[PDB]
A.B. asks: 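One structure coming up, written as structure tokens, with questions to follow.
Remember, it's 1-based here, ligands and their atoms both numbered in the order they're listed. To find a chain, count down the sequence lines: A is the first, B the second, and so on, and within it residues start at 1. No hydrogens, no waters, no symmetry mates; every other heavy atom, side chains included, goes into these values.
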Amino acid sequence: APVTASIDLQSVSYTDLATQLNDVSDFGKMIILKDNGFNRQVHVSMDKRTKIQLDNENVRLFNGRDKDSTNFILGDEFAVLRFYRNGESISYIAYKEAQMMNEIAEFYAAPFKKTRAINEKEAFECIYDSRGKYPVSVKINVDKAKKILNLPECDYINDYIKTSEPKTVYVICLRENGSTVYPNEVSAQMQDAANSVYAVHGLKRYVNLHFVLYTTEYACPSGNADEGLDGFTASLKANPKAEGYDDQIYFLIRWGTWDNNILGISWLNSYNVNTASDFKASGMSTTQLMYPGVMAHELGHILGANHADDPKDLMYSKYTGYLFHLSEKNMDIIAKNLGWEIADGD
Amino acid sequence: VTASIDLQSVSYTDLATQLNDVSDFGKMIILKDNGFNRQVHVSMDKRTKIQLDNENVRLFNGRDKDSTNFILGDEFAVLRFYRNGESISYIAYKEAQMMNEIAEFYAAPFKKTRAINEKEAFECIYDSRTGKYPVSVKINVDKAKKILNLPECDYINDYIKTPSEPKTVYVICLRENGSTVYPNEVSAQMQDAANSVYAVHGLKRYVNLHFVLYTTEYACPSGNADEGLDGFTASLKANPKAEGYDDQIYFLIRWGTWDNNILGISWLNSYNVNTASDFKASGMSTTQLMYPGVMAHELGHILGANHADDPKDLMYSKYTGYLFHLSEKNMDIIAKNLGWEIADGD
Ligand SMILES: COc1ccc([C@@H]2CC(=O)c3c(O)cc(O)cc3O2)cc1O
Ligand SMILES: COc1ccc([C@@H]2CC(=O)c3c(O)cc(O)cc3O2)cc1O
Ligand code: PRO
Ligand code: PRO
Ligand code: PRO
Ligand code: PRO
Ligand code: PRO
Ligand code: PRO
Ligand code: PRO
Ligand SMILES: [Zn+2]
Ligand SMILES: [Zn+2]
């Protein structure tokens, strides 16, 4: 007493998440996450470093403290709660509209109907209100989902081609022609990409990332990622809508992957705050939920990060699901490309 | 090149892309109108939060000398500024169907009375391409009321008698059962209501207003505003959705007015930060565009402001369109009810 605000994960809906996250002021807010056998007190704060628009729809990000291992996403149409528990990433995805929530629930349920696992509920679960019934959200444990599904191993081998006020850098994401992407999925990739940068050498002092999403007429002419990125970068130079923004970062996004289960690709060490030009800082990325951190990994390459030898590094040559740079060499390259110097400290 | 908004072709996307680029340090935006330009330093309004049926609405301010404010939601954007003391609004909706509906809604009263002065009071704005559909509407509400010769709606008898972190006070607005309101109109009332409070004794140090909008089952049992407010306050005490929020501020909102052209009504001196209880801080307000500041005037009464003698005061007994408290007695009453003391200064 006074009663701390809480989120009941057995019935969490869009309106539950929106009313709690919209109450988060400048000083932050304590929110207890609750479920059967689970509790977590999280100090939630507004992410003021990153801006996101998806087809002009404003998307706000929220963080917990480092020890909370919790992030949120909030748009007018959907909300996401994502946290780490016993080394696994769990997302609660809630769409405001009943039709879209039903469509999202069916989309995420569909891969599990052929397997029909006994422990399906720990990987995927439709959540219903505490009062037929239609789901108010879906729970997806991506790590448990990967163990139930027989997904072909998608990786990052050869996913790069060699060539007082923070600076605002736009990350212009373009929905590939003919591709369908989900806002919860695109925004999670953006959030992980931005947070992988800010976690390095206090880089929020140097850069604030502004993600935007639009549709492009460009489509990769084949399944080949190298040919796809070549064409994407060429399409940007010939696009009148991109005129005057050749010094920003660009991503072609899709739901799927490229040939040889390539998750994404980018021009290596192609963005520097002083010399950025000719749409060089460009890449491609999947946005599917089961591969978190692909855009973060490709943004890493664009900022100069090479593949790292630690299997827990975001920049490991194989896809792992780890979302942070662990390589000190990569951290120094990335931070120096964003204007940081060793004498500035962290 | 400084960022600019062309008032001869301004659309939702023009306003959204400019306002979404406004960072913490503010942004210079040039308003271009028939060869004359007004440079405005635009800042995010961090004092007020707004949700309309959970849709996040952001406010933006110019400098005091700019006499300019903006509203931005996912569905609409508003630019409002003064010229010769007259209030001019540019209202742009994102969706083509809703923009056409809004343009028809605002044009309709002027089609009965085809005035000579029509374009200066109301104008559909089209894109700069030389079967076009409007991208926004321009409304000068002072010129519009003179053309439409609307019946004089007033405030006579519109009241019923009985820190380091600012206090968050919710202003819970409830769309009366059977009433239809427009988001640009509701948010303009909220913005003017909040800014009338912050302009007094540096009150943003004491309070941050959080407006929310939901629909209620309550409808006034008659055209009488006194009976309507009695029933509204009683409906709140019996409403399970309002349980635990009897210490907040409440408004019943509608598009229209009450009997004897009453624009709104409220319980006089019914909100104090220390003693707020039993849904006492409640009122009713029109939200129609032609009567700006009605919610501000009613919020004034709730905070203890009486009718003022200056015809330019927001609290003048007659409706004027002035949006600020000028009475020092009212300013002291309002600020003291929000925790301010004379020794604190402004
Ligand atoms: C800074 O504000 C902006 C950010 C990105 C853009 C992008 C820029 C861009 O590259 C682009 C595109 O390739 C396709 C499309 O449909 C829309 C696009 O708009 C425009 C802006 O005005
Ligand atoms: C953000 O926190 C809140 C603020 C206002 C409310 C209001 C509280 C409220 O009074 C209310 C109502 O009378 C009718 C309705 O349909 C919804 C309502 O919700 C609930 C909240 O959880
Ligand atoms: O807005 C919400 O939260 C509920 C659940 C989905 C449909 N409407
Ligand atoms: O049991 C689950 O799937 C997760 C773990 C924490 C809360 N819900
Ligand atoms: O993973 C890496 O790249 C660094 C090199 C030394 C040990 N870890
Ligand atoms: O000190 C270390 O081991 C970290 C991890 C690899 C490179 N730097
Ligand atoms: O692009 C825009 O903002 C407007 C919306 C209606 C048509 N064009
Ligand atoms: O007045 C201006 O500056 C712009 C140019 C075309 C019409 N509006
Ligand atoms: O133009 C005028 O005289 C009125 C007075 C305040 C708002 N506009
Ligand atoms: Zn790689
Ligand atoms: Zn009055």
Side-chain angles (χ1 to χ4, degrees), chain A residues 7-10 12 33-40 51 53 55-56 69-70 81-92 119-125 127 137-145 168-177 210-218 232 235-252 279 282, chain B residues 3 13-22 27 154-160 225 262-268 283 285 293-302 305-308 313-320 330:
Chain A
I7 296 172
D8 175 16
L9 299 177
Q10 276 304 304
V12 59
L33 305 180
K34 291 188 307 212
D35 204 358
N36 296 323
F38 169 72
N39 126 278
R40 191 173 297 172
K51 291 170 182 301
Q53 279 90 48
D55 313 287
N56 295 312
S69 296
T70 299
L81 156 65
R82 190 237 253 162
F83 61 93
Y84 206 57
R85 186 186 204 202
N86 298 302
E88 293 181 332
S89 182
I90 300 161
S91 295
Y92 285 84
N119 57 304
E120 188 188 306
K121 251 187 182 49
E122 295 201 279
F124 170 75
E125 194 189 1
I127 296 293
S137 67
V138 293
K139 185 281 312 289
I140 298 146
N141 180 329
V142 170
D143 300 286
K144 288 194 154 82
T168 289
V169 178
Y170 275 78
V171 182
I172 303 157
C173 304
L174 300 167
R175 176 191 286 102
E176 183 182 14
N177 189 351
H210 190 150
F211 299 82
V212 297
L213 178 64
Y214 288 113
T215 299
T216 180
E217 233 90 290
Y218 178 77
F232 176 54
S235 82
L236 297 172
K237 297 171 176 170
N239 200 335
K241 305 187 182 190
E243 283 175 20
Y245 300 103
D246 65 293
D247 61 346
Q248 304 303 308
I249 301 177
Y250 288 81
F251 278 109
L252 182 76
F279 305 96
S282 40
Chain B
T13 303
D14 295 330
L15 286 164
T17 59
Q18 295 302 326
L19 297 172
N20 286 325
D21 193 56
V22 176
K27 186 187 193 185
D154 261 356
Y155 298 128
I156 308 174
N157 298 297
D158 75 321
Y159 62 94
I160 323 176
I262 288 299
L263 290 166
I265 191 166
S266 53
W267 294 106
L268 178 70
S285 184
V294 171
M295 185 184 280
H297 183 100
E298 298 316 324
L299 181 54
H301 285 314
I302 283 168
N306 300 299
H307 285 146
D313 202 302
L314 163 65
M315 301 307 304
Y316 187 57
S317 50
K318 297 193 190 69
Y319 177 75
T320 57
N330 280 343

A.B. asks: In the protein, which heavy atom is nearest to atom 5 (C) of ligand 4, and how far is it?
C.D. replies: A:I90 CD1, 3.5 Å

A.B. asks: Looking at non-hydrogen atoms alone, which of A:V212, A:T215, A:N239 comes nearest to atom 13 (O) of ligand 1?
C.D. replies: A:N239

A.B. asks: Has A:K139 got a side-chain atom pairing as donor or acceptor with A:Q10's backbone, closer than 3.5 angstrom?
C.D. replies: no

A.B. asks: Around atom 2 (C) of ligand 4, find the nearest protein heavy atom and jot down its residue, atom name and distance.
C.D. replies: A:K139 NZ, 3.8 Å

A.B. asks: Looking only at atom types and distance, does a side-chain atom of B:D154 sit under 3.5 Å from a main-chain N or O of B:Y319, one as donor and one as acceptor?
C.D. replies: yes

A.B. asks: Classify the side-chain pair B:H307/B:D158 by whether it contains a donor and acceptor separated by less than 3.5 Å.
C.D. replies: yes

A.B. asks: Please write down residue, atom name and distance for the protein heavy atom closest to atom 8 (N) of ligand 4.
C.D. replies: A:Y92 OH, 2.8 Å

A.B. asks: Could you find the nearest protein heavy atom to atom 7 (C) of ligand 4 and give me its residue, atom name and distance?
C.D. replies: A:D35 OD2, 3.4 Å

A.B. asks: For the Zn ion (ligand 11), what is the closest N, O or S atom on B:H297?
C.D. replies: NE2

A.B. asks: Determine, counting only non-hydrogen atoms of the protein, whether one lies under 4.0 angstrom from atom 21 (C) of ligand 1.
C.D. replies: no

A.B. asks: Suppose I only count heavy atoms of A:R85 and a 4.0 Å limit; which atoms of ligand 4 are within that range?
C.D. replies: 5 (C), 6 (C)

A.B. asks: Please report the closest heavy-atom contact between A:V12 and A:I7, naming both atoms and the distance.
C.D. replies: CG2-CG2, 3.6 Å

A.B. asks: Provide the atom name of the closest N, O or S atom of B:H301 relative to the Zn ion (ligand 11).
C.D. replies: NE2

A.B. asks: Under 2.8 Å from the Zn ion (ligand 11), can any N, O or S atom of B:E298 be found?
C.D. replies: no

A.B. asks: Using a 4.0 Å cutoff against the non-hydrogen atoms of A:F83, which atoms of ligand 4 qualify?
C.D. replies: 6 (C), 7 (C)

A.B. asks: Which ligand 4 atoms are under 4.0 Å away from a heavy-atom of A:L9?
C.D. replies: 7 (C)

A.B. asks: Nearest to atom 2 (O) of ligand 1, what protein heavy atom do you find, and at what distance?
C.D. replies: A:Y170 CE2, 4.4 Å

A.B. asks: Taking A:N177 for its side chain and A:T216 for its backbone only, find out whether a donor-acceptor pair lies under 3.5 Å.
C.D. replies: no

A.B. asks: Nearest 0.5 Å please: distance from the NE2 atom of B:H297 over to the CG atom of B:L263.
C.D. replies: 9.0 Å

A.B. asks: Going by heavy atoms in the side chains, are A:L9 and A:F38 under 4.5 Å from each other?
C.D. replies: yes

A.B. asks: Looking at B:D158, which of its N, O or S atoms is the nearest one to the Zn ion (ligand 11)?
C.D. replies: OD1

A.B. asks: If only atom types and distance count, is the side chain of A:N239 paired as donor or acceptor with the main-chain N or O of A:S235 below 3.5 Å?
C.D. replies: no

A.B. asks: Is a side-chain donor or acceptor of B:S266 paired with a backbone partner of B:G283 at a separation under 3.5 angstrom?
C.D. replies: no

A.B. asks: Can you pull out the closest protein heavy atom to atom 8 (C) of ligand 1? Residue, atom name and distance to 0.1 Å, please.
C.D. replies: A:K241 O, 3.3 Å

A.B. asks: Can you tell me which residue and heavy atom of the protein come closest to atom 12 (C) of ligand 1, and the distance to 0.1 Å?
C.D. replies: A:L174 CD2, 3.5 Å

A.B. asks: Calculate, to the nearest 0.5 Å, the distance between atoms CG and CG belonging to B:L19 and B:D14 respectively.
C.D. replies: 10.5 Å

A.B. asks: Counting C-beta onward and ignoring hydrogens, is there a side-chain heavy-atom pair between A:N56 and A:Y214 closer than 4.5 Å?
C.D. replies: yes

A.B. asks: Heavy atoms only, cut-off 4.0 Å: how does A:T216 contact ligand 1, side chain, backbone, both, or neither?
C.D. replies: neither

A.B. asks: Minimum distance, heavy atoms only, to atom 7 (C) of ligand 1: which one of A:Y218, A:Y250, A:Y214 is it?
C.D. replies: A:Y214

